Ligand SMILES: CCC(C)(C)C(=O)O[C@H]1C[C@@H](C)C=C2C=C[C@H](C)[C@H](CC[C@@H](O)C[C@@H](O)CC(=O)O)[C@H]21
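A single chain comes next, written as structure tokens; it is the form deposited without the ligand.
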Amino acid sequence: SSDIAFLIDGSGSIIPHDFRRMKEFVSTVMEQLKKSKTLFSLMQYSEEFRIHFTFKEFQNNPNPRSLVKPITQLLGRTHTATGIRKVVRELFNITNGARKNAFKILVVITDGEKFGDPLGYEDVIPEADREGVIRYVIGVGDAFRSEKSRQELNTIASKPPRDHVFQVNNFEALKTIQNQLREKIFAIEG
């Protein structure tokens, strides 16, 4: 059994066109990953945080496209480290339908460097690792073309980064790593 949380950047750095494409990617990946005993959860982050659905909300309505299609973009800045904290503490929580024995998997989609966040990765990654949350990160756009900028993606992802970090040029190219992400997650869960 698998509890797979998505944490998606809803900052004003993402244009409406690209937000639709992110929503389509999450819809399709969740569809392709559906297995008996798989639950999904989705949080959107900027400088605010929105649980679109818990694992418990998913269990009672196990239809990803239905849950993702209606969401509105938050806009604002990019508090990625708080996003991860709230996923670990609020989405991977038995009160919200998370399961004791389950594979804990987090997919982070980010369009920008952390900015405005009262927390560093040092404040949140250690807790994530104690709770067994396996983290994949997708950095979209020019913000992660530098080798300096790509270190943030290595800080977020589970070790080794080689197996856990994806870089896509823009939201159009998001669909081009769909199958890779799925295969990495199937490699863990069967």
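For clarity, a rigid core is taken as the largest C-alpha set superposing within 1.5 Å between two forms. All residue numbers refer to positions in the sequence shown, first residue = 1.
Here the subject shifts to the form solved in complex with the ligand, a form of this protein not shown in this document.
- The ligand in the deposited bound form comes within 4.5 Å of a heavy atom belonging to residue 76.
- In this stretch, 92-117, the one residue having a heavy atom within 4.5 Å of the ligand in the deposited bound form is 115; the partner itself is omitted from this view.
- In the core-superposed comparison between this form and the one not shown, residue 148 has its Cα shifted by at least 2 Å.
- Pairwise change in the deposited bound form: residue 179 and residue 69 C-alpha atoms lie farther apart than in the shown form, at least 3 Å.
- In the deposited bound form, the separation between the C-alpha atoms of residue 116 and residue 172 grows by 3 Å or more relative to the displayed form.
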